[PDB]
Structures are given as C-alpha cells and as structure tokens.
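Have a look at the structure below before the remarks.
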Amino acid sequence: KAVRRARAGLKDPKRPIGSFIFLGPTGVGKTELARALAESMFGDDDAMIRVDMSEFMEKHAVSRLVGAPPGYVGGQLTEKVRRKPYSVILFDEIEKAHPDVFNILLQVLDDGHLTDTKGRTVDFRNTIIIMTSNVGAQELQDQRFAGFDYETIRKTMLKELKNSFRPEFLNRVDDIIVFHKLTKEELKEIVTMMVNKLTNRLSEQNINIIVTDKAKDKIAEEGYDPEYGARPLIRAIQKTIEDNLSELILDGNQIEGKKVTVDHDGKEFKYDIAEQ
Amino acid sequence: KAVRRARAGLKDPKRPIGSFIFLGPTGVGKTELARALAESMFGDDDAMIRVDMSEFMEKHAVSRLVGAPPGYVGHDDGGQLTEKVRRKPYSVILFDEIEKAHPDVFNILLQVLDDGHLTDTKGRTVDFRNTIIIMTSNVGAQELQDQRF
Amino acid sequence: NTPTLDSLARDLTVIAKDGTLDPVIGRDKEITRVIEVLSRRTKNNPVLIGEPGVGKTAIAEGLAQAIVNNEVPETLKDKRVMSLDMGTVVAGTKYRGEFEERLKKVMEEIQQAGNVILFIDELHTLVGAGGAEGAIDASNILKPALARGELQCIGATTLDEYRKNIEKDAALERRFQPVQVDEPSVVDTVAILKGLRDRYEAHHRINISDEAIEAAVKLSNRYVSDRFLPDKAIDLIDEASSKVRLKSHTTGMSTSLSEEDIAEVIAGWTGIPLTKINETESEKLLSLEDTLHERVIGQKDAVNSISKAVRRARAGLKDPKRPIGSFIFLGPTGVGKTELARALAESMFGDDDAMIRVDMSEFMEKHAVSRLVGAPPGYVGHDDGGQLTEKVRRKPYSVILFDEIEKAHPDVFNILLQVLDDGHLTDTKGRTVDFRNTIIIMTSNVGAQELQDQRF
Amino acid sequence: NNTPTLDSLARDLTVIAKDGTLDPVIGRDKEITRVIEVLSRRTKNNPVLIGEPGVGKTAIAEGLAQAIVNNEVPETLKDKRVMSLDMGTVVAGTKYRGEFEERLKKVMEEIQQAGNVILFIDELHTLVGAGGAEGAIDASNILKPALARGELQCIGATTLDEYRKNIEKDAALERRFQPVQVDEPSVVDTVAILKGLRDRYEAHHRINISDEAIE
Amino acid sequence: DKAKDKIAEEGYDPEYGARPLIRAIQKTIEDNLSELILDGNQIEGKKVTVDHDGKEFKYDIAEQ
Amino acid sequence: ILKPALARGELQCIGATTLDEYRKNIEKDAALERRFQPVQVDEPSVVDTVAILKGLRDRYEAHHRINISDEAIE
Ligand SMILES: Nc1ncnc2c1ncn2[C@@H]1O[C@H](COP(=O)(O)OP(=O)(O)OP(O)(O)=S)[C@@H](O)[C@H]1O
Ligand SMILES: Nc1ncnc2c1ncn2[C@@H]1O[C@H](COP(=O)(O)OP(=O)(O)OP(O)(O)=S)[C@@H](O)[C@H]1O
Ligand SMILES: Nc1ncnc2c1ncn2[C@@H]1O[C@H](COP(=O)(O)OP(=O)(O)OP(O)(O)=S)[C@@H](O)[C@H]1O
Ligand SMILES: Nc1ncnc2c1ncn2[C@@H]1O[C@H](COP(=O)(O)OP(=O)(O)OP(O)(O)=S)[C@@H](O)[C@H]1O
Ligand SMILES: Nc1ncnc2c1ncn2[C@@H]1O[C@H](COP(=O)(O)OP(=O)(O)OP(O)(O)=S)[C@@H](O)[C@H]1O
Ligand SMILES: [Mg+2]
Ligand SMILES: [Mg+2]
Ligand SMILES: [Mg+2]
Ligand SMILES: [Mg+2]
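Chains as they are written, first to last, in full-length UniProt numbering: chain W, 522 to 595, 600 to 673, 681 to 808; chain X, 522 to 670; chain R, 159 to 409, 466 to 670; chain B, 158 to 372; chain P, 745 to 808; chain C, 299 to 372.
So this is what it looks like as structure tokens:
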C-alpha cells in the first residue's frame, strides 16, 4: 500500500514513502521481508541500504551516520542515500542500539531531511525506512504464570516497545506491524521453498537433486520448534540433506552428473542414486 | 505580541526579538507554529534557519555552530550557524528538541540570549539581535507515561 | 590546427584508427547519455562517475571508437578526442604566467578548431592544478569557457574523489554532468570478457575457453570483495593465462585455459581451498575425526560436528550467504573445548597460531566493542581500524575463537549477530568484511559450576 | 644508456647483481614465480610485495634481478633492466612549479622509449602524496595513467600496515597493484637462508660460523 | 462531513496528538485513490466524492 | 595595486563571486572587502523561473531544432 501510494503520487511530498517497524518473535521473515522488498523494487537484495544497529551500542557511534564534526579526523548513510535517493533503508534490530541514537532519525521521519556534518542536507523523501526489532521476546520467556493466543502477545510486545522507545519517536512511524508466529503449515511451505533454492543452487554445480514430499515433511517435523521460527529448519536441512551429499561427493565424487533422490522410508532418510 | 512589539520599535536594542521554549505533549503543533511564523514573516517555510539539536549529542559537535577549535583544520571557515545568521540577520531560528543536545551547547546559547551576540571561533561576533529564537522540547513525556495513579 | 594541444595531449581518435584500443561492449546506455550531454547547448560536459575499475576510461575510449566508426550523430562525425593529462600541462611552467599562458593558448586553439572534444581523465586533479603563491589554478581559468559551451570536456573520476575534491568547488561542480557508470552485471561481465578475449589470446598465445570465462566471473564475484566486477574478472583471466603460459613454456601445443587454472589463482589470492579435491586431500578430510582425536580425547560429538561442517564447506554445499559454521562449546573447566578449537586450527593450517583468537574476558566493559570494529569517525585511533575486521580481511579462510563468552558484557555479542546471520561485519570506516569463509567457535562454562553446587 | 636522466635518479640493480655484490636469495621460488607471473600479465602487470618488516621483500626484488642476470627467467624478461627508484631522490631539488612533474614525465618517456626497463619502487607507500601539494600533482596521479595500460612494469614493496594506511586510501591506485604475500619463512627455511648467507659474514668478520650456531 | 468525522474518530488517540490523523488520512483516502488510479487510470480527469455510510467509506466517480 | 583606485572611485568595477569564495578569499583582506558593495542575487522563485525559461526558449529551440511546449517548461 505504501509503495502504491508513492507511485500514484498521492504520497505527501514532505515525507518518506514509508517508515515501518517490523516487530515479532525471532526467526520470522521480517528481515527477510525487507530484503524481499529491496529485491522486488531493484532486482537484487544488494541494492538495499543496510545499517546494523548493533554496531551502535554506544551513543558516539552516531558519527558514522552523519560524519565527524568539522576539523576532527574524518557521512556513510548520508552519502549512500544522496547517491541513491530512491532506495530501501533497513535499520535492523533497532533495540540493540543505544536508546538515543534514533534521536537522529526523528528529523528524517518527520521532514525526510537529515543534515550532513559538512552542512549539507540529504533528502530521504523518496526512501523507504524499515526497522526490524524483537523487543519483548526475552520478556515473553521470563514470564511464567504462578497461576492456574496472539492478542495478548501483540499487546505486551507493543507495551515493551512503548517502554524502550521515547513517545515522540513512535509517533512518527507510519505503521507498527507485529509478526505472527509461524504455523506448521507455513513451516512446511518454507521447507518447500528452501529445498527448491537448495536444488537450483546445486543444479548449476551439475548436482541434480529431488526431494519427495515425505522427506520434506519429515524434515519439517524434525525442525519444528515454535520459539525459534524458521531458523531450525536450516539446521535440519544441513544435517539431513547436506551432510550425506557431502560425504558422497567427497567419497570418490560418486555423485557428479548423476541424479540423487532423497526420501524417508518411515525409519530413516535414504539417498538413492540414478542416471537422468 | 513579541513580533508586533519588535516591529513597533519598542524592543530592547541589546536583545533578540524573542526567545521562546515551546514545551508540551508530542504532536501538538509547536514545530508547526514555528513553521507558520516563518511563512507569515517571509512567505516560505524554507526561510527558517532550522537547527536539529539531535545531531549535537556529543560535546565536540558544537564546532558546527561556531567553527573548529583554534588550530584545527577548518578553523578559518567559521561556523555554519554563525555564517547563516550573519548572511540573514532578520530570520527565525528554530532549535528543535533542545534537550537532546549535549549540555555544553547551551553555554554557547547563553551569550546569544544575554547579549544577542555570538562569538565565532575566529573571534568575529555575529549579531542575533534581530532574530527570533524558538526552542522546542518535550522533556518529561517519559515521566508523564510512568505517572501511574 | 592546434599545435600546442597536439604536443600536450594524446589524440585518442588517431589511436583508435591505429587500433590498439581495446573494444567496448554493452555500454550503450552510458555512451548514449554521453552523446546526449555532448549535444547539449550550454554545458555539454559529461563527467563519468563510478567505482574504480568499472570502465569509465573504457567509456571514453569507446566514444573515440564510435566517432572513428561513424556510429555517432552527424554533429560528431568529425570530432577529435584529445586526452589531456594535467600533469603534462603543469610540467615545465617554472615562471609566473607560464601555466596561465599555456592553458589560455590551449583554450584559444580549442575554440578556433571547434572540432575537438577534450578528455580530462582524472578530473579531480583539475582543482588547484598549477596553483602557487600567486598563480591562478586550472579550474578558475577553465570556468568561463565551460559555462559558455566553448569547451567540450569529458571527465572521469571515482565517486570518492568527486565528493572529496570537486564538490568542494561548487562552481566547478555545476559545469559538469555526472554520468553514473554502474558496476556491470555477471552476464554483462561475461560478454565483456568474451569481447576482450581475442586481445588476451594474442598476448598469451593460448586458447581461453568459455567455461573459464564463466568460472572466472563467478569466482571473482563470490570471493574477491575489495574490487569491482570487470577489472577483477579480467585480472583473474589474465593471471590464469600468464600462469599456464609460464608453466608450459619452461621445460598438446594448443594449451587451453580451464576452471582449475582459475581456481588455482583465486586460491592463491585468498587462501580459500577452491582447487579440485584430489585424493590426498579427500582422504585427509575423511580421516579428519581421527586427526582431531590425536589431540582431543573423547568429546566425540563435538569432533563429529566440527568435521561435518568442514566437510560440508569443502564439498561446496555450504550456503554462500553464511559462515562455514558457528559453534558454542559448553561444559566443565579443563575439558577439551579450547584444545579442540586449537586442534581444528592445526588440522586446517598446520599451526595453532593461524587461529584468530579473541579472549572475551577482556570485553567486560561494553565500550570495549571498539576493539572489534574501531573507533567512530572523529575519535582518537579511528585511522587504525578494527583489529578483528583487519585480521579476518587479511585471512578470510580462518578459524575464529571467541573464548569464555559468558565473561564479556552481555551486549557485546550483539555485534556477532550480523556475522552469524549474513557473514558480514562493517568496519567503522564503512568497509564490509565478509566472514562467509570463517569457522566461529565460542566456548563457555555457564551452569557447569551449578551442576556441582546443586545438592538436593 | 639512452635513458640519461633515469640512470641518474635510480640504481641499476641488474648490474649490481652482475657484480655479485647483492647477497644471494635462497628458497623464495614461489614468490619469485608469482612475481614473474604478474610481470608477464598483459595489462596491470605490476606486483607489490606485501609482508611484515624484515621478512625479505627487498630480497625478493634482488633475487629477481639476479634471476635476470642468470638468464633463468623467461625470454620476455631475459634482458630487462631492474631500476630501483627512490622517490625521495626524484623530489630532490624541485622548488619551482612543474619541475617535479617535468622530471617524472621525462623519466616516464624514457621508460616508454626504452621498453626494456622494470621499475622497482621499494617502500611504495611513499608514492602517494610525493611531490608536494601547493598546486603540484603528486606522483600517484602522474603514474596512474601509465600503470593501468602496461607501459610501466613496476615492482613495489611495502609493509601491510603502510599499505593499509596509504595505498588503500586511494582505491584507484590500489587497483593497479597485485599483492604478492611474502610470508615469514619457517624455521628450517631460515636455517637454509643462514647457511646460504654464511660465506658473506665469515668473510666480513673473518671467523668461522658453525652449523650449530645457526641452529 | 460524515467522512471527515469518521476519520477524526478512527484517528483519535489523545497521547499522540494530531499525527495519527495523518495515518488515518493515508489509510482511508490515499489507499483507495491509489488503487483506483493504478487500476487503469480511471480517476484521471474525473471527479471523486468520498462519503461514509455508517458501514464503510464509499468512493464514487463522476464527471465534473 | 588596485586598492587605491577602488577606494577613490577611479574604477567602476563590477565583480561576481559565490558566498563561499567571498567569505574564504576576500573577507580575509578586510581592507579590500570594505572597497566592494555586495549585491545579493537571490535564487528566483518558481514563477520567475518559468518566465526566465519562456524568455530563453527561442535560443534552445533554434539550437536543437525542436518545439518546446509551455507545459514542458512547467
Ligand atoms: N515467513 C517466512 N517465509 C519465508 N522464509 C522465512 C520466513 N521466516 C523466516 N524465513 C527464513 O528464515 C531465515 C531467517 O529469517 P529472518 O527474516 O532473518 O528472521 P528475522 O526474525 O527477520 O531475523 P531478525 O529480525 O534479525 S531476529 C531466512 O533464511 C528466511 O528465508
Ligand atoms: N495544533 C495543531 N494545529 C494544526 N496542525 C497541527 C497541530 N498539531 C499538529 N499538527 C499537524 O500535524 C503534524 C505534526 O505537527 P508538529 O507540529 O510537527 O508536531 P510537534 O509536536 O510540533 O513536533 P514535535 O514537538 O517535535 S514531536 C504536522 O503536519 C502539523 O501540520
Ligand atoms: N564495457 C567494457 N568493455 C570492455 N572492456 C571493459 C569494459 N569496461 C571495462 N573494461 C575493462 O576494464 C579495465 C579497467 O577499466 P578502466 O576504464 O581502465 O578503469 P577505470 O574505470 O578508468 O578506473 P579508474 O580508477 O577511473 S583509472 C580495462 O582493461 C578495460 O578494458
Ligand atoms: N579431552 C582432552 N584431551 C586432550 N587433552 C585435553 C583434554 N582436556 C583437556 N586437555 C588438556 O588440558 C589442558 C587444558 O585444556 P583446555 O582445553 O584449556 O581446558 P578448557 O576446557 O579450555 O578450560 P576452560 O573451559 O576454557 S576454563 C591442555 O593442555 C589440553 O591439552
Ligand atoms: N630468502 C632470503 N634469501 C636470502 N637472504 C634473505 C632472504 N630473506 C631475507 N634475507 C636477508 O634478511 C634481511 C632481510 O631484509 P629485507 O629483505 O630488506 O627485509 P624487508 O622486508 O625488505 O625489510 P624492509 O621492509 O625493506 S625495512 C637481509 O639481510 C636479507 O639479505
Ligand atoms: Mg533484523
Ligand atoms: Mg520539532
Ligand atoms: Mg580514467
Ligand atoms: Mg624495502
């Protein structure tokens, strides 16, 4: 919707295309969604401007954004945005910065302007700003009921965001989206996507793979862990698919140019080998 | 009333037209008021000399206001704010969100509010006596939110 | 005629007729922008902007070829491309007014000829060039002519030298039009190399195969992070060709490049083991657990996991987007885990000192994080850069040991998060260091004491 | 020879090698091979020798000069001249505008006309910013055009930290040199080195040096 | 006026002042106009009237 | 050399420079600064810019050999 408003010309000239906080559990596609947006707008993930806020644990690191004061030894963000004014900016995992680094963001969000230590103004008015976070996720496991869902999770995360960030910052964001924890069906679709991307990475090595739905479902149930989202699926793929193929191709290269089929027989994975 | 009092000629020559702290809850047009004043006085918002104090968090960033310290590389250039004011002595100056600056920045502002003069690090003195100085803040909003009854 | 200019400047048009200039491929959009700007009325001065090695000087050479080949609109069908090194202009102007007179003469000759397109490559040199205690620099002499359309002046410079030098002089900046030369894509780079190929075959006296072109582009794009695509792919093809020449020439005849001749060069540059797995290396990798148990007794599960990650990287199944492995080793004191990290480093490099080591017990204060990534711009020691970033950049295939992780301030590991997920860490200069080929081992003994002071 | 100004600014290492006064270079066959591979390149055929202080980089360039004299290099190099150029010598006596740019331009023309010269610039990090700054054009900017199209075959040596501090600040200059990593030799390699150098020290100190003294 | 009043209550949030009104204007007015104008340029040169019926906003297109 | 004549009124000398180069060069020599009177040329408005472009139009049409519409100016 924000991208369409920008392309329709309805977007207020004096403001960025959008500013979004992506909030949720760990391992839920919010940084992946930011990269997917960058790809959909520019054809590659590399076109995203990225700022990994954990580098900014201490206030004075803000000089990376706007440069060193006049006459002091030695801005990165200002130069990159001035070079590509139509771009996606990702401030990943905002809560790990020093709380008041984002005081610099305020003028960006309200005006779409930021001033460079050379006295030069850069206009973020055509950028999209995305800020991933997972405040509250630690508190969600500190919490235990000495006593006898989604909306309560949403509310407590939003409250912890209210605690961590000053009110005049949160007031400038155009939208604050909480991400749903993944369902097991969604995890099975993610397994299908990952297996596709593995297959067509390996195919240009001339290693041809197929994985049956039974095998993918076994992987999806092996990697299931709700508190960790999709990441434990990667580890399951590494253990099951990649380890045994690596053993085969190292042990006499017995796979190059052949076809490998992975299926699970109900007891264990099997790695049948055949010609095309 | 401050604008009208200055245009009537009754303003103290030694002082700026006005200095005002705008304070209160977020999203209440205290920045928009400064913008509207700038438009009413000059016909465009962009005539406002806007300074975003949230860049001045570290002590040494004050070099942007009055130039690099003596012997530093940019020392001959003078300050960016001093030169913008010297170039346009009738102007609205907005110090947005003052409380986010390092405390040391207000020591520079003191002589501006006291004599209407700012000494650039070159030693040149810039006269603010015809400017309007507006400072916005929202100190206490986090103290307001943790007022539980 | 232009008798001073002819002595000061190289004529690229005659050199293009001679034919020594290498061919330009695919850059039709940039050449079109250059033609559009040159056909302007008032400030027909394109400046080609981009990274080092992306091809800007090649764009100017391709424009000289296009003029010679009469592929240009009629207004350019008889134009001279003159490449004016400002060094040659400044050279020998010992006395007052000699530089100003020489450059004024050059401008007069350009004006009277009218058919010259000047090419001031390295345009950032033009600011202050020829200045002195009372001289007038080249920029202030050229400013009048650049703004009346009398000169047609192509320039080229890096983005950083543009910002640093000629965005200082805001009056000079106005007079040039930046044509952004982007880094070409993989497929564009393949086409570029195929077009250049004949020039390198004629030098090295070898056949350069298409799959070698594809290997060199893919590998140099994946593993050479400091340099940009066309230059570094040409570099990799040129060194692989030189290598196979040298090896065959000193004691069939139609020697041909191959993907392995490229892998050997890229492995020589980076130290990453990219050459084909021979049987000795494979037998060593398969017996890796046995080699690690020569120094670590027990701990079978850890040895297994480490060896499987090493095999998974050497096979080529590792996700390109992520480090080879990240491991936490957790357990009681005096039990193998640091010894296992050292055994792994020895098994991979023949020495324990090849391991990058970070003792987290000295990151007890949060602000110590500046050791990993450097001081912010403006603070003392900013020039020195990050110690971990420099060490990993200098040896991208290395074991990194983060020792005694629980003793560091809890926040300090937030810097690791991007390393573990992307395999990137950003140096405080803004340089990106890729950890994608490192193994990261973290060691801890949390809980292990509680497992003894638990008394039910 | 036909290069009358270069021969006054530089030292001909090839003749000094033919006079046998350069100490012998032992065991560095892989680095020498890499240098030969880079010099045989078509375009950016300039190696830069990178390593720690005292690992033996200048000794690599001298081993190359001796390889030239021994004609054991390929025919493409079999008659090259290695000329060590001190940048502090080039800037000597150049007070007036354009005098340094003229000197280095004439040097470059002489190199191009002779074609049989390999330039060696030890301590290459001095190259950037050499030649002053008050309206001067420094050596790096003068040489960048030639270094990228094969006219100059140039060998550099510098420490890792001076490379980082100086060369990589000018990434356009960085692109033009290929880093040849001069690793520290092993213990047994250093034993072989010292047993090779023995004769040169025995003659100077007029004493025998036992093997177990080397060990 | 009924549309303006509905926007003024959907955007009401007293701790955040006027800014949530902007988000409300964006969601209600600008989303649907951007859909209309991107879906076949059907707004250009025509008049649009926005009202609220007590269930939802309606976006009626007419000639001038 | 010129300070005497500029202060006497011997030369009717118009000059032009940017704000930055005025501040950097000729405000240092405060005696020379005194001899000149600054006329600030402000940036023209949007509508003034439209008028300027409609005035220049003939010169660009005759160069490019095309017609330039008013709405293209706007
Ligand atoms: N909903 C999803 N759809 C598809 N892939 C997903 C999804 N969630 C996670 N993934 C995959 O899981 C991996 C990690 O996803 P991320 O988006 O980085 O998790 P994240 O929570 O956004 O990371 P943070 O914000 O830095 S903690 C990637 O390989 C994604 O492709
Ligand atoms: N009282 C008001 N009257 C009119 N418009 C207002 C008012 N308050 C806010 N606005 C509008 O809502 C937006 C935000 O107003 P601002 O004036 O920027 O809020 P602000 O509180 O002044 O900013 P702060 O203090 O730095 S968070 C602008 O588009 C204003 O036009
Ligand atoms: N489109 C192209 N077609 C053919 N060769 C190309 C092309 N683009 C780049 N090259 C080659 O890339 C190499 C380096 O390109 P250059 O244009 O010389 O570098 P550059 O961009 O001028 O870098 P600097 O820093 O400005 S000297 C040369 O060998 C060119 O032949
Ligand atoms: N399983 C083992 N096999 C062989 N040597 C071992 C083993 N465990 C410990 N050692 C030796 O004991 C010494 C100490 O081993 P360490 O690995 O440093 O202990 P540690 O577990 O690292 O202690 P912490 O957890 O870092 S406090 C070394 O000399 C090791 O060679
Ligand atoms: N491979 C070698 N063969 C023979 N002698 C060597 C070798 N390596 C080093 N040496 C000797 O050890 C010393 C090394 O000095 P250098 O070669 O100048 O080292 P360096 O790295 O060039 O030091 P800098 O950087 O120039 S200060 C000299 O006395 C050399 O003769
Ligand atoms: Mg994130
Ligand atoms: Mg404000
Ligand atoms: Mg060039
Ligand atoms: Mg040396």
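Just so it is clear, CB atoms sit at the ideal spot from N, CA and C, and this is done for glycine as well.
Secondary structure of residue i, DSSP reduced to three states
i: residue 314 of chain B; result: strand
i: residue 791 of chain P; result: strand
i: residue 407 of chain R; result: helix
i: residue 573 of chain W; result: strand
i: residue 603 of chain R; result: helix
i: residue 382 of chain R; result: coil
i: residue 338 of chain R; result: strand
Partner residues on chain C for residue i, Cβ-Cβ distance less than 8 Å
i: residue 571 of chain X; result: Residues of chain C passing the Cβ test: none, with the nearest at roughly 18 Å.
Residues near residue i in its chain [Cβ-Cβ closer than 6 Å; skip 5 each side]
i: residue 612 of chain R; result: 570 and 652
i: residue 614 of chain W; result: 570, 652 and 654
i: residue 634 of chain X; result: 540
Contact set between residue i and chain W, taken where Cβ atoms lie within less than 8 Å
i: residue 782 of chain P; result: 525, 528 and 529
i: residue 597 of chain R; result: 594
Chain R residues whose Cβ lies nearer than 7 Å to that of residue i
i: residue 775 of chain W; result: 522 and 526
i: residue 778 of chain W; result: 525, 526, 529 and 531
i: residue 275 of chain B; result: Correct list: empty, because the minimum Cβ distance to chain R is about 15 Å.
Which listed residue (the options) has its alpha carbon closest to that of residue i
i: residue 649 of chain X; options: X:530, X:669, X:551 and X:604; result: X:604
i: residue 798 of chain W; options: W:715, W:575 and W:744; result: W:744
i: residue 478 of chain R; options: R:492, R:278, R:467 and R:468; result: R:492
i: residue 556 of chain X; options: X:657, X:636, X:575 and X:665; result: X:657
Chain X residues whose Cβ lies nearer than 7 Å to that of residue i
i: residue 761 of chain P; result: 546, 547, 548 and 549
Neighbourhood of residue i by C-beta, 7 Å cutoff - its chain only, sequence neighbours within 5 removed
i: residue 322 of chain R; result: none
i: residue 341 of chain R; result: 209, 212, 386 and 387
Contacts of residue i in chain R (Cβ-Cβ under 8 Å)
i: residue 318 of chain C; result: 328
Chain W contact residues for residue i, given Cβ-Cβ distances below 7 Å
i: residue 808 of chain P; result: Chain W residues near residue 808 of chain P: none, gap ~20 Å exceeds 7 Å.
i: residue 315 of chain R; result: Correct list: empty, because the minimum Cβ distance to chain W is about 14 Å.
Listed by chain order, chain B residues near residue i by CB distance under 7 Å
i: residue 403 of chain R; result: 197
i: residue 249 of chain R; result: 255, 258, 259 and 262
i: residue 400 of chain R; result: 194, 197 and 198
i: residue 246 of chain R; result: 262
Sequence-distant residues of its chain with Cβ nearer than 8 Å to residue i (five each side left out)
i: residue 485 of chain R; result: 609, 610 and 611
i: residue 231 of chain R; result: 193 and 197
i: residue 199 of chain B; result: 307
i: residue 692 of chain W; result: 660, 661 and 664
Partners in chain C for residue i, counting only beta-carbon separations shorter than 7 Å
i: residue 604 of chain X; result: 321
Proximal residues of chain X, C-beta to C-beta of residue i below 9 Å
i: residue 799 of chain W; result: Within chain X, no residue comes near residue 799 of chain W; the closest Cβ sits about 58 Å away, beyond 9 Å.
Cβ of residue i within 8 Å of any chain E Cβ
i: residue 608 of chain X; result: Structure shown: chain E not included; protein chains present are W, X, R, B, P and C.
Exercise for the section: Anything in the stretch 326 to 352 of chain C with a Cβ closer than 9 Å to a Cβ of chain R? List those residues in chain order, please. Expected result: Contact annotation: in the stretch 326 to 352 of chain C, no residue has its CB less than 9 Å from a CB in chain R.
Practice task
Quick one: which residues of the stretch 176 to 208 of chain R get their C-beta closer than 7 Å to a C-beta of chain C? List them in chain order.
Solution key: Taking 7 Å as the Cβ-Cβ cut-off against chain C, the residues of the stretch 176 to 208 of chain R that qualify are 199.
Practice task
Report the residues of the stretch 694 to 710 of chain W with a CB closer than 8 Å to any CB of chain X, ordered along the chain.
Solution key: Flagged, chain order: 694, 698, 699, 700 and 703.
Handout entry: Near-chain X residues of the stretch 608 to 631 of chain W - C-beta to any C-beta below 8 Å
Key = Sequence-ordered contacts of the stretch 608 to 631 of chain W with chain X read 625, 628, 629 and 631 [C-beta pairs closer than 8 Å].
Handout entry: Cβ-based contacts, 9 Å cut-off: residues of the stretch 560 to 589 of chain X near chain W
Key = Against chain W - using a Cβ distance shorter than 9 Å - the residues of the stretch 560 to 589 of chain X are 571, 572, 573, 574, 575, 576, 578, 579, 581, 582, 583, 584, 585, 588 and 589.
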